[PDB]
Amino acid sequence: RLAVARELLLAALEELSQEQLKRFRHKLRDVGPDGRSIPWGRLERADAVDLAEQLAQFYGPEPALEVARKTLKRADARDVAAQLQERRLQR
Amino acid sequence: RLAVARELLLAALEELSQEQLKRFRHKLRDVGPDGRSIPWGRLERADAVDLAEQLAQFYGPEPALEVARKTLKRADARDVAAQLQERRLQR
Amino acid sequence: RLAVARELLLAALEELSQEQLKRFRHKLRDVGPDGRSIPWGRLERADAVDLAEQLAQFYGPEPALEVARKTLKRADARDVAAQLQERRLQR
Amino acid sequence: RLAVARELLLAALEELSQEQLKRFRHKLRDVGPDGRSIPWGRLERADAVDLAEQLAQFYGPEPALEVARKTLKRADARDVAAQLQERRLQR
Amino acid sequence: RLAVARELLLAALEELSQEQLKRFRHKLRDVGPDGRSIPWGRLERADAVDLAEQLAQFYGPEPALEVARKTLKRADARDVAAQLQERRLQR
Amino acid sequence: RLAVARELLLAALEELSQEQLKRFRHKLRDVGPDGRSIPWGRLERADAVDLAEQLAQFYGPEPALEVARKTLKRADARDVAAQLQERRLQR
Amino acid sequence: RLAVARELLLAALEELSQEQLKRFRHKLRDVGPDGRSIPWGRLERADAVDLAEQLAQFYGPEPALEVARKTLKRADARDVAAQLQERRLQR
Amino acid sequence: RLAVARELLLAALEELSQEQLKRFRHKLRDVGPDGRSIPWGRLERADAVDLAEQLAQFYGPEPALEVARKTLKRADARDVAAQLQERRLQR
Amino acid sequence: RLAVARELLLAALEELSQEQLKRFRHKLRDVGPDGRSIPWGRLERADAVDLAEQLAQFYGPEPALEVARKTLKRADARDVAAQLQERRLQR
Amino acid sequence: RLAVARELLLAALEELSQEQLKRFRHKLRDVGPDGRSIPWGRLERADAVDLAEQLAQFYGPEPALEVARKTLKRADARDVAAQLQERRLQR
Amino acid sequence: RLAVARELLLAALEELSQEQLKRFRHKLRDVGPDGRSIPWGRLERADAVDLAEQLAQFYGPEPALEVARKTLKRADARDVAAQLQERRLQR
Amino acid sequence: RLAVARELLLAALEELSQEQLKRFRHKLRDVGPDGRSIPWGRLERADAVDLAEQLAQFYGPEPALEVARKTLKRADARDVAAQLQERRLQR
Amino acid sequence: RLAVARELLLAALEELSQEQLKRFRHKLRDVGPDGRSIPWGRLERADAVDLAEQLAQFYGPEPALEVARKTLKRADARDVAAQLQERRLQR
Amino acid sequence: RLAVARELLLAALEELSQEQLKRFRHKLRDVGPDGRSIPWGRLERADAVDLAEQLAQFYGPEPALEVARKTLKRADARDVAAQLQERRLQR
Amino acid sequence: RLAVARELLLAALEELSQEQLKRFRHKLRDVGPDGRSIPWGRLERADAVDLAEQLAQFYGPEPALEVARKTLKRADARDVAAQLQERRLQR
Amino acid sequence: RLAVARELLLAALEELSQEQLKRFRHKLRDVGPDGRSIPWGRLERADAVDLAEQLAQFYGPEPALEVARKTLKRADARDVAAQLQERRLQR
Amino acid sequence: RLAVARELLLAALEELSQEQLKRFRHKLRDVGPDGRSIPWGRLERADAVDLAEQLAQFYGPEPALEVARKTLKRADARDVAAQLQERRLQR
Amino acid sequence: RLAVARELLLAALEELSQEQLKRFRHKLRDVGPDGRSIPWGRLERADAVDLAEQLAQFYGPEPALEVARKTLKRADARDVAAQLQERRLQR
Amino acid sequence: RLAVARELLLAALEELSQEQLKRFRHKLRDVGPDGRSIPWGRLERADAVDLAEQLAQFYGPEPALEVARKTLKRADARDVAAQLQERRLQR
Amino acid sequence: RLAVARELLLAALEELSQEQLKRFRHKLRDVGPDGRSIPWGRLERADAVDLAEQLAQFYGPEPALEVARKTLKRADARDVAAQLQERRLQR
Amino acid sequence: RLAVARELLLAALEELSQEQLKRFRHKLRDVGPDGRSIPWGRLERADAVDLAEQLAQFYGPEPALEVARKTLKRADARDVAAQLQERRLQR
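Residues numbered from 1 in each chain as written, not as in the entry; some residues may be left out. Chains lettered and ligands numbered in written order. Heavy atoms only, no water.

**Structural notes on the overall build of chain A**
When helices and strands are tallied, chain A shows 5 helices and 0 strands. Order of helices (α) and strands (β) in chain A, N terminus to C terminus: α-α-α-α-α. For 91 residues, the compact-globule estimate of 2.2 N^0.38 gives 12 Å, and the C-alpha radius of gyration of chain A, at 12 Å, lies within 12% of that figure. With the C-alpha coordinates of chain A rotated into their principal frame, the extents come out at 35 × 25 × 25 Å. The buried share of chain A, reckoned over its 91 residues, is 57%. A fraction of 57% describes how many contacts in chain A between residues 6 or more apart in sequence connect residues 24 or more apart. For chain A, the computed accessible surface area is about 4,200 Å², with 46% contributed by carbon and sulfur atoms. Here chain A contributes 18 positively and 15 negatively charged side chains, and the mean placements of these two sets differ by 4 Å. (Helix = DSSP H or I, 4+ residues; strand = E, 2+ residues; numbered from the N terminus. Rg over C-alpha atoms; globule rule 2.2 N^0.38 Å. Buried < 20%, exposed > 50% of the residue type's maximum accessible area, 1.4 Å probe, protein only. Contact = heavy atoms within 4.5 Å. Areas by Shrake-Rupley, 256 points an atom, 1.4 Å probe, with all protein chains shown as cover. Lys, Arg positive; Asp, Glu negative; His and termini not counted. Charge placed at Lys NZ, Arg CZ, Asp CG, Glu CD.)

**Some remarks on the packing of helix α1 (residues 2–10) of chain P against helix α4 (residues 64–72) of chain P**
In a packed pair of helices, the relevant descriptors are the angle between the two axes and the axis-to-axis distance. Residues and elements named next belong to chain P. The interhelical angle for the contact between α1 and α4, taken along N-to-C directions, is 15 degrees, at an axis separation of 10 Å. It follows from the interaxial angle that α1 and α4 lie roughly parallel. Handedness of the crossing formed by α1 with α4: left-handed. When α1 is examined against α4, the residues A5, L8 and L9 are found in contact with a partner set consisting of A64, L65 and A68. (Axes fitted to C-alpha atoms, helices over the stretch in contact; angles between N-to-C directions. Parallel < 35°, antiparallel > 145°, perpendicular 65-115°, else oblique. Left-handed = near helix turned anticlockwise from the far one by under 90°.)

**Points about the interface of chain H and chain Q**
Interface size is often expressed as the accessible area that is lost when the parts come together. Residue-level contacts link 7 residues of chain H with 10 residues of chain Q. With both sides pooled, the region where chain H packs onto chain Q buries about 690 Å², and carbon together with sulfur makes up 40% of that total. Contact with chain Q buries area across many residues of chain H, yet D76, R78 and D79 of chain H alone supply 74% of it, more than any other trio. For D76 of chain H, the salt bridge goes to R42 of chain Q, with nearest N and O atoms at 3.8 Å. Applying the counting rule to chain H against chain Q returns 2 residue pairs in polar contact. For the side of chain H that touches chain Q, the secondary-structure elements that each account for two or more residues are α2 (18–26) and α5 (78–88) of chain H. Class assignment of the residues belonging to the side of chain H that touches chain Q gives a composition of 1 nonpolar, 2 polar and 4 charged. (Buried area = accessible area lost by both parts, 1.4 Å probe. Salt bridge = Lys/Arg side-chain N within 4 Å of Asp/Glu carboxyl O. Polar contact = N/O pair within 3.5 Å; in protein donor to acceptor, adjacent residues only side chain to side chain. Nonpolar A, V, L, I, M, F, W, Y, C, P; charged D, E, K, R; others polar.)

Any functional reading would require information beyond the geometric quantities listed.
The structure is reproduced here in structure tokens:
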């Protein structure tokens, strides 16, 4: 459902540390088909809950998990990204 | 019906945040066949309900959804626009 | 009939807002074959019922609907003009 | 009586906030058997007392409560609508 | 009696507002078997008492109530028209 | 006396605000033994002095105070109504 | 006197902060014998002086202090409410 | 009663911290039978008292506690939610 | 002809607004060879048709257009005065 | 003189701010020997010049300064009231 | 003289505003030794000059000033009444 | 000439704003040799053109400019008064 | 034509914001050959449609575009002024 | 006095360190007869002066010292609490 | 010229920040020969364009620059005041 | 003078830091003969210039320095208070 | 009670050393029925008091002791965990 | 086109950080041929979308890119300015 | 020029460290002829760019370099002050 | 002077080591006539420059040297205290 | 590409130790054609990721590698600089 799609993301986004969240927001503006990413103006001072808000709005909450897991492997946090993968199956 | 066509729009217009509504009114004066859009004088100080009024009057309430969903994808709010799409089928 | 021809117009004229009625009276003196329109002296301080009176007298109540619907599309009110169209068939 | 039927309505109409009254007048032109509603021309600039006047005249003061309570649930104000329901029994 | 038949009408005619009286005189020239109505020349500048005079003379004071109540429902004033109905029984 | 009976009323009628006077004229057509009240046609566009005129004529200036104080408590203005009560004793 | 009864209230009403005044207007519509309170329509956008106006009119200025002190204890402002109590004795 | 039903909610809503209130407003738009929740436009910039206002109006103050306690367990605040439960019994 | 000379004037005189007609009657008593103008006594309470009557009688209907167009440019209404000029050629 | 008596008042009345003028009109209906003050009906919607008109008419322009300075000290504006005092000597 | 007695009155009667003249005609039918005043039938639609005519005829022009100044103080216009007093000495 | 003397005044009178015209009519009844000014009864509801009419009649159109420029400096409008001064030389 | 000359102006006048319209009316009284501009009295409280009315009447609708485009560049709105220029060619 | 009661508290509240103030605000929501304490929403981001404000308002400034000294012993700061005790005697 | 005298002022008035404009309006009521300054009632809620309007009217547009530059040095904005000085020479 | 009395205060009020200004507004409502101080409603959200405005109005600008210096010693800012003392002598 | 349940925890949480607190926060995200633990984002920079806050909120203060004692044995601190056990009996 | 000219700018303006946007608005009032730049009054409190509005209006949307790229190199942001350059070619 | 005068300052102001900027703002309020310096209220929370703004406004941008270099030697930063000196010659 | 009085203190305060500054802030809250010292809340996290700020404000900069030298002897730093003594003579 | 140009830099910037990063930020403000380097204000408290941000913005991400490798040889870290060189070829 739509509600459990946001629940799964926000609980796998504030599992990041304060250091990884400085790296995860940095490692977010590189994905996209061709230049379709989130700009800095709504990312630089984003909190952990606020990041799970506009990531659910720019991509839509159903493929927001796939654009998060592709970057959580790329932000050097393979713990939560693999931990999200078994919990994406329990949707 | 005409009544459920306005009900579906106003509940999918005030689902926008206060920030997206500053961006959605800005991203509205670019659609049209050739220069047929809503001018600034009735858009700049429009509230969320007031925006669902004159958008229903300038285009007509039956294609007002299609000119809203085409811009909600363009105003970087793909959550509510996809959420409107399954509820346009329940008319 | 003549009575339902005026009933259909006056109920589709005071459906206009106070703002559209300032625009609808302005967008009325441009129609005509060649210069046959209603002058300002009997339009500037016309109420909503008073506008449905002399519009029924200058054109006749049977084609007063067609000169109203052609301008209601032109006064940026496509809600009531399309709503009049299905009710012109129920005459 | 007729006097307590208007007293009950006006005290349950200005219990609305200024925001709900912008939504309640908007959510009023959709009821009716088939197209029998109050037009915009006598609703757009209506005050809280003025709204309790012509709502008592268009429907009659005895079923004006039922057309108000059906819309107060629909204007997202279930506080006063349920509060009117126990006071409609004390007529 | 004839005297209480005019008393009941004039007290249910100046119960109309100034706005409804502009609508009630307009909604008067449509009744009739076939084209038997009151012309404009004795209606346009008629006061509230003056309207209760010639409405009592053109139809007769005994069926003047029935041609008034049929139009008071049609002039969007159902308050006084229903209020006249219980007082037509107390003749 | 008759002169101080009208002086006491008019100075306790224009002590009302502009908002209460919209509510006081509305809360006036409900009193009476059985249906003996002032109709709308001489109340809707009545000024503060004009209201103290026909209220003194329909009821008589000696019980016009009692029909005003009974409604000033009912129009949510208990300041002037209690202030009139100590000045009705100084007649 | 009546003048010092309003002076004591308005100087003990704008002693409230901007935060307490958002809480004091909220904590006002619960008092009453049975449902006799001030509605929202004249409270939501009331200033500090405007609140001392209609609180003096709905209750009367002599018991307006008692309905204010009973709520100032209830709006979590016991400073000014106890400070009003020694100044109600100096009337 | 209705008054103690709002008193119990507002004192169990501003017991939330500033951090939980950013999470509680986020965890509010997921409840409902099917899509009947409060939109963002009246939630994003809502204060603690303002949140206890429209939560009492959208659901009604009697089941507003049950839609708050179901989400206070879900917003990771089980202190106040269990503390509300023994105080819902003292109504 | 004489008939189309008055037809052209009256349709270009009630095209003036209510505000310009207060200015046009004021800007009329200044033309003339030497003091040959229309006095106030037959101008101050002149209607739009009545103004097209005595302007056709004091000057004659054939040069009444030239004394009207010289003042319509002077009464700050250059719309109708230029619009009369192409229609004076279609006589 | 009479002319400099009104000049001194109006230039010391619109020296008030917009906030003090809401307080100064409120602090005006308490002066008087016994109940001889200006009622609300000609004070509530009074402008700064309009307030210097009827204050000059109800009291007379020569003691209107003394009833203004006694209230300007009481409306918490001691700047202009002391500034008027040295300019009342330059009459 | 008789001529300067009417000159002094008419120039101190149209110094009244349009609002005071509605109050001054109302405050005129209360003076008299015992019931000797001007009736309504020649006062209700009296202009400012017309009021200075029959006030000079009912009382005589020499004591018409004293019955005007006694009421100009009573119609809440003490400006012109005191201004008449120094000009009654210059007769 | 007489015609350009009124043309210069009316174009320098409606150059005033709506606010200054409320102040300019107020600042007009103070000039004069000794008490020879225009009374209120023909000034209070005077329009901008109507003010240029009776100011040209009470003083005569040739010194009406000097009584206007002396007050336009006194009504705090030194823009148009200095602008009139160079255009009084081009008569 | 004359009709498309007013259509092009009014759609390029309410494209201005509410802020630019406060600047555009201010930047309008400076054009002219020598002192031939529109005065303040018909500009200060002019709406967006009302501004497109008297700008079409003072200059004539055919050169009203050139006096608007010369000022739209001067009112710091070069968007609509350049946008009008390609649409003046499509007349 | 009331002034020295707040002076004694604020000088014995910012004598706390930054560490004790994190512990003192935490050790504040446990006092009370039964559940009458200050909620988190006005305590979590309270400064040292701001804490001496609402502690003086929720309890009243006269027993605010006793609810502070009972908690200063409980927040492991017995230096200032004993130091306040000899200075509560010098009130 | 007069037009470039207002152009130079308004472009050197909205060069002020929002903070300096709160200080510049405050530092304006101290200049003058003896007490000839602009009162608060037309300064407190003045915008940047509105301030360049009445500063051009109270002083006249030709010495309005000198009363602005004398205060721009006094409102702690020496950037624009020196920048105006070289542009006053290019008039 | 009055102008240098406000100049000396505002330059000795914004010499306070942001921290002292939170303490100085708090340490202001304790002075007075007996309860004559400035309430919170016009102090809590007062800026540094705004504080120098109403402190000059409540006390008058000539003793506003003495009520400021008595509190600047009491708000733990003896730098500016002693610095004001040598500059009060240079008035 | 609830108060002694938090008192017992916070005094048995800051009995941990600085080294054990780096190990205790690490040994906290492993308990739970199935994945119901506290995430890193509110644990990594948590102080000793702050840890006793959200541990009391995520679990509730009554079973927060059992989830703390189960981990204090697991964080290699059996001193305080056994010391808490005899003090959990003295509740 | 005009629509893709604004799309390219706003997506290359909110790519700036919050720090660069404080520097970019500062580095904007220096360009121009000679003193033709945007003043502070419409720049100091401009958001990222609001900055892309009036930059498109003061310069026109077609050369607004060139005045933005010349300053983005000058505001020490060469990332987005070079990134805009390859996307200005894809217009 | 004026633009390179601000460019030279801001690039020689954020060359200061974070420690020197705490010392440079402190070492700024001592210069001046006699007491003409920048107060604390606009210096204490000033950023590096914000400091280069009001230092350019209080002194003017042309001698702002000389009041900066005199203090940069005094704030124990002789690196940038000597580095500014060779770049003040390249203006 | 005042400037050299702060210069002498700050250069004799950061001559302290990091260890003595932990002892000097501790040895500061014991001086005073009777309990007049600086509290902890503005001393515990004070830097070396920040300590020379509020020590100059609480005591005044002229006796701040004497309260510093009396404690520098008491904080076991007799080097700088004797070194300040010969430099207090060179003021 | 642009994305792999930043990926290569940030992974070759946090390969530096904590000691070399204190030396690398120091050895960065010496490169440039003539004085075009990054100032201290955005370098002194820059983290390893934050340094890879503004180094990519001041120079552009394509020559940011060349200004990093020229300084990594100069900051006595030839390990990563040679290791970057073979990975700049795999772009």
